[PDB]
Structure formats: C-alpha cells, structure tokens
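In what follows, chains are A, B, ... by sequence order, proteins preceding strands, each numbered from 1. What's counted below: heavy atoms across the whole structure, side chains too, no hydrogens, waters or symmetry copies.
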Amino acid sequence: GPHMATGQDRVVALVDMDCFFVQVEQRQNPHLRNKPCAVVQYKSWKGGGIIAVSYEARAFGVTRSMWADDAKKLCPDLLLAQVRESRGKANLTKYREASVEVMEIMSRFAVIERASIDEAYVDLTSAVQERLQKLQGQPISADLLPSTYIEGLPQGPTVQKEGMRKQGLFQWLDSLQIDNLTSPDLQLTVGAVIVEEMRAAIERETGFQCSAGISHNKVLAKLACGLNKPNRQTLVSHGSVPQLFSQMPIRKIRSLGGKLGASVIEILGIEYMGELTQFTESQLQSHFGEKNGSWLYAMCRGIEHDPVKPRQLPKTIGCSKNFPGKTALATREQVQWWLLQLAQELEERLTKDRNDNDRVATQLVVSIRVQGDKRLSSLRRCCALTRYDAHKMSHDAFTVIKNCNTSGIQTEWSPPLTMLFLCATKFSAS
DNA sequence: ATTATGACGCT
DNA sequence: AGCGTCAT
Ligand SMILES: Nc1ncnc2c1ncn2[C@H]1C[C@H](O)[C@@H](COP(=O)(O)OP(=O)(O)OP(=O)(O)O)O1
Ligand SMILES: [Ca+2]
Ligand SMILES: [Mn+2]
C-alpha cells in the first residue's frame with residue numbers, strides 16, 4: 001500500500017528523429033522532400049543496401065536491410081540517396097554531424113543521454129518543477145500540447161485520427177489535478193509541454209522532425225515514442241501501464257528483443273509483458289538471474305530505475321568494414337591496405353574529436369572476422385593508442401592480428417578475413 | 001552479400 | 001582482457 005514504490009519519481013523523455021538519414025538527405029536535396037525515398041550504402045551489389053526509409057516509401061513496403069533493387073520492385077518510383085564513400089568505404093560523417101546539431105539543441109533544455117546517432121533520453125524532472133512554479137497553479141491548455149497523444153485515451157463515451165487525438169487529450173486534461181505540485185500525472189503533462197517546445201526548437205533550427213515519448217523512466221519513454229510516429233509525441237502515464245502491457249509482446253520492451261526475451265516467453269509460457277506480474281521476484285530471479293529477475297519484476301509493473309546518464313558524446317570512435325563472399329581478404333597486402341584505409345578515417349575523426357571535445361583516446365581495439373565464422377567478431381585484441389597517426393595505428397593493428405594467419409606462405413592470408421574493425425577507446429581529458 | 005556502428009554485461 | 005548480447 002503506502003510503502004509501495006510506484007516508480008513515479010522522475011519525468012523522462014526519449015526523443016527520436018523521424019527516418020533520420022532520409023531527412024538529412026532531404027534537407028540537402030529538396031527534390032527528395034515529400035517523396036518515397038531511401039538512403040542506400042554501396043550500389044554494385046543488388047543496388048546497394050537500404051539503411052533508412054521515408055514514411056512515403058514505407059507505405060509501399062520498403063524496409064531497412066532490403067536491397068535497393070528489391071525495394072524498386074515494390075516502389076518503382078523510389079528515390080535514393082547514397083551514403084558518401086571515402087577511402088573505399090561508407091563514411092557516415094554527414095549523419096554524425098547532423099546528430100550533433102540536434103543533440104546540442106536538446107542539451108539547452110536538459111541533461112541528455114545520447115542513446116544512438118538519432119536519439120537521446122532527457123531527464124526533465126527538474127525542468128518540470130521549475131515550470132510548475134512559474135505556472136502558479138494555472139490549468140494546462142490543449143493548445144500547449146498540439147502534437148501529443150495520451151496513451152489509453154479516449155475511453156468510454158470519432159472518425160478522424162486528429163479527432164481521436166484531441167478527444168483523448170481533452171479527457172486527460174479535464175481530469176488533471178493542477179493544484180498538487182507533486183502529482184505524477186501533472187508532472188508528466190508539464191514534461192510533455194516542454195518536449196513540444198524542444199521538438200519545435202529542433203524543427204525550427206535544423207529542419208528535422210522527430211517523435212518523442214514522455215513517461216517516468218527510459219523503457220516506458222522509448223516504448224511511448226514509437227506508439228505514434230512520425231512527428232508526434234506520446235505520454236504514457238503510470239496508470240496506463242496495466243492495459244498497455246496486457247497485450248504488449250515481451251519482445252517490444254527494450255533489452256527483451258533477443259535471446260533473454262525469447263527465454264522469458266519459452267520458460268514461463270507467456271506472451272505479454274503484463275503476464276509477468278504473476279511471478280514472484282524470486283521466481284523471476286531463479287530463471288533469469290538476480291539482476292534480470294529484479295528488473296523484470298519491477299518493469300512489468302511500469303517501474304525502472306536506470307538513470308539518464310549525463311553523456312552527450314560517444315564513448316568510442318570506430319571504423320569497420322565487411323568483406324563478404326568473394327571479396328574476403330586473402331593476401332597480406334590486402335589486409336594491410338584496408339587496415340590503412342580504416343586507420344586513416346579513424347585518424348581524421350580522432351583529430352577532430354580532440355579539437356572539439358578536449359579528450360584523447362588511449363587504447364586501440366582491433367577486431368576481425370574469419371570466413372565461415374558467423375559470429376560478428378572472431379577475435380578482438382587491444383594495443384596502446386599513443387599517437388593519432390594512421391600509419392602507426394594500422395601497423396600496430398597488423399601486429400596484434402598477424403598471428404591469426406594460419407597460412408604457410410607469408411604473402412597469403414588464410415583463412416580470408418570477412419571483417420576488419422578499428423576502435424578508439426578509453427578517453428582521457430586533454 | 002542484413003552494413004556500420006555503439007553501449008554494456010559476463011567471467 | 002576478450003567474448004557475448006542487444007541495440008539503431
Ligand atoms: N541496422 C542499421 N544499420 C545501419 N544504419 C542504421 C541501422 N539502423 C538504423 N540506422 C541508422 C539509419 C537511421 O536513419 C538512423 C536512425 O535509426 P532509427 O531510429 O531506428 O530509424 P529511423 O530514424 O530511420 O526511422 P524512424 O522514424 O522509424 O525512427 O540510424
Ligand atoms: Ca529515428
Ligand atoms: Mn532511433
């Protein structure tokens with residue numbers, strides 16, 4: 001009862017860019033705006049691989065991971081923008097720089113945690129408190145929430161989508177108790193007002209649209225964000241959780257989309273997140289471990305305590321390339337040339353990072369894959385990163401991997417390498 | 001031949 | 001440390 005924690009202590013948002021790489025290309029090339037279009041990397045093999053898809057193109061069934069030649073079968077008028085190639089490889093610099101544009105705007109409102117190239121968590125608890133006091137107990141007008149959905153509403157006692165949105169928003173606002181400054185529902189609502197402001201700022205200052213989730217923790221905020229995309233935001237209240245989770249496949253919750261989630265389903269014989277409430281914490285810990293068990297017990301009740309970490313910059317800077325099928329590297333000269341290409345991109349990015357962010361990487365991680373292994377990485381080795389010099393880094397990378405070569409002949413490389421990966425890690429202030 | 005990343009957990 | 005998982 002009264003001592004039962006409800007995980008309503010924080011206001012957390014997740015802001016995620018809509019079809020991000022496509023918007024970056026659409027800003028650059030107005031011919032692509034408001035069109036079925038996708039971003040592709042490489043081209044020779046099956047037209048290139050799609051990595052981002054506009055919502056117009058999704059209507060035709062175009063998806064990520066599709067070959068462009070195959071996407072064209074679904075959508076003959078599909079427009080394409082290609083990822084830049086430098087030093088023989090895809091180069092994602094344009095999108096990383098566009099990401100920084102957005103992250104720096106978000107950071108004006110609150111502490112953010114960079115969660116991917118196109119999304120960040122926001123801890124809005126303090127900002128909400130401040131806005132609540134400037135608000136002096138006045139009601140919140142629907143006009144302040146023009147793109148907000150309230151998950152679970154409307155309910156009870158109609159045709160258009162925007163009509164439904166407003167109906168639900170009005171039910172929510174009509175029920176709000178605005179003279180309690182510690183009401184979690186009110187806090188979420190004020191959070192949503194701030195996120196409208198944040199999203200407007202992002203669009204005004206970059207041209208990019210985004211969606212957002214507002215809830216009491218990161219997992220619910222992420223889930224919320226996806227419920228109404230694109231260009232909308234969704235508030236998931238604590239009270240909405242039992243109905244929301246009652247038909248929510250376990251795999252939809254962040255961290256449960258893989259083997260652990262499959263094991264929860266198989267071992268317990270359930271399908272939906274809500275069904276987890278019928279197990280004791282000890283039961284869940286017995287199957288999934290102490291940490292996962294406790295996390296699942298709380299999470300299926302809408303409760304999670306993972307903090308929004310104050311980190312805007314990536315912790316590592318890496319460069320990787322696959323060499324599939326017959327392109328697998330089979331000579332020492334090949335392996336060395338590509339290590340140099342990777343190292344040259346890495347040096348460029350590291351040198352910029354040092355100037356921008358007052359830090360230096362101190363460790364170089366080298367990873368490779370060998371033909372026939374279908375693990376992502378076959379082998380990882382580290383060495384000291386003491387100078388931002390591509391020839392040195394590529395020589396050092398070669399040194400730590402050269403013994404992987406089972407070939408008798410020095411020139412030849414066996415078994416052929418199907419992936420190379422250089423990663424700069426362990427940053428120190430500089 | 002579903003590529004190029006990036007964070008965090010386990011032992 | 002080196003490997004595995006999950007993610008976008
Ligand atoms: N598996 C991947 N491989 C390479 N790049 C990816 C992959 N997944 C995502 N990206 C890139 C391209 C995306 O535009 C960008 C952001 O990803 P993501 O948020 O999942 O989708 P999205 O922004 O393209 O559309 P959405 O509107 O559904 O969020 O990151
Ligand atoms: Ca996105
Ligand atoms: Mn994303």
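Using modelled atom types, one finds a donor on one side chain and an acceptor on the other under 3.5 Å when comparing A/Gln209 with A/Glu203.
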Without placing hydrogens or testing angles, list every side-chain donor-acceptor pair under 3.5 Å for residues 412-430 of chain A, not counting sequence neighbours.
unit_1, atom_1, unit_2, atom_2, d
A/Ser414, OG, A/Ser407, N, 3.0
A/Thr425, OG1, A/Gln363, OE1, 3.2
A/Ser430, OG, A/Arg359, N, 3.2

Identify all side-chain donor-acceptor contacts of residues 378-387 of chain A below 3.5 Å with residues at least two apart in sequence or on another chain.
unit_1, atom_1, unit_2, atom_2, d
A/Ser378, OG, A/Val370, N, 3.0
A/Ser378, OG, A/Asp373, OD2, 2.8

Would you mind writing out the side-chain donor-acceptor pairs for residues 241-264 of chain A within the sub-3.5 Å range, not counting sequence neighbours?
unit_1, atom_1, unit_2, atom_2, d
A/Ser246, OG, A/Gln243, O, 2.8
A/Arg254, NH2, A/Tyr121, OH, 3.0
A/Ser263, OG, A/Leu260, O, 2.7

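Here A/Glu347 does not pair with A/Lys392 in a salt bridge; the nearest charged N to carboxylate O distance is not below 4.0 Å. Between A/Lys35 and A/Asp77 no salt bridge is recorded (no basic side-chain N to carboxylate O distance below 4.0 Å). Between A/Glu345 and A/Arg349 there is a salt bridge, with a side-chain nitrogen of the basic residue lying less than 4.0 Å from a carboxylate oxygen of the acidic one. Residues A/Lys222 and A/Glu119 are paired through a salt bridge, judged by an N-O separation under 4.0 Å between the basic side chain and the carboxylate. Ionic pairing of A/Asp69 and A/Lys46 is not present here: no N-O contact between side-chain nitrogen and carboxylate oxygen is shorter than 4.0 angstrom. Ion pairing between A/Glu56 and A/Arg33 fails under the 4.0 Å rule for side-chain N and carboxylate O.
Ring geometry for A/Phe21 versus A/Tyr95: interplanar angle under 30°, hence parallel rather than tilted (30 to 60°).
Contact check of residues 99-125 of chain A against DNA chain C (heavy atom, cut-off under 4.0 Å) returns A/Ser116, A/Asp118, A/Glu119. Residues of residues 297-328 of chain A having a heavy atom closer than 4.0 Å to DNA chain B, listed by number: A/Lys309, A/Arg311, A/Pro314, A/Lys315, A/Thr316, A/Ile317, A/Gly318, A/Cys319, A/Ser320, A/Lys321, A/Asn322, A/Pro324, A/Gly325, A/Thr327. Contacts between residues 257-268 of chain A and DNA chain C, defined by a heavy-atom separation under 4.0 Å, are made by A/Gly257, A/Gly258, A/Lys259, A/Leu260. Near-neighbour residues of DNA chain B inside residues 63-84 of chain A, defined by a heavy atom below 4.0 Å, number-ordered: A/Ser65, A/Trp67. Scanning residues 345-379 of chain A for heavy-atom distances under 4.0 Å to DNA chain B yields A/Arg349, A/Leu376.
Applying the side-chain contact (heavy atoms from CB on, under 4.5 Å) criterion to A/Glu162, with sequence neighbours excluded, gives A/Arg165, A/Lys166. With sequence neighbours excluded, the residues that form a side-chain hydrogen bond (donor to acceptor under 3.5 Å, both in side chains) with A/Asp70 are A/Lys73. For A/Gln41, the side-chain contact (heavy atoms from CB on, under 4.5 Å) partners two or more places apart in sequence, or in a different chain, are A/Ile51, A/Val83, A/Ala90.
Within the 6.0 Å centre-distance limit, the rings of A/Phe323 and A/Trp338 are counted as a close aromatic pair.
Map A/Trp45 and A/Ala90 each onto its nearest nucleotide of DNA chain B; the residue landing nearer the 5' end is A/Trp45.
The separation between A/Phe21 atom CZ and C/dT8 atom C1' is 9 Å, rounded to whole Å.
Judged by the 6.0 Å and 45° rule, A/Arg58 forms no cation-pi pair with A/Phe60.
Counting any heavy atom pair closer than 4.0 Å across all strands shown, A/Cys382 reaches sugar-phosphate atoms only and no base atom. At a threshold of 4.0 angstrom between heavy atoms, the contacts of A/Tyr42 are confined to the sugar-phosphate backbone, with no base atom among them.
When DNA chain B is scanned 5' to 3' for any atom under 4.0 Å from a heavy atom of chain A, the first and last hits are B/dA1 to B/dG9.
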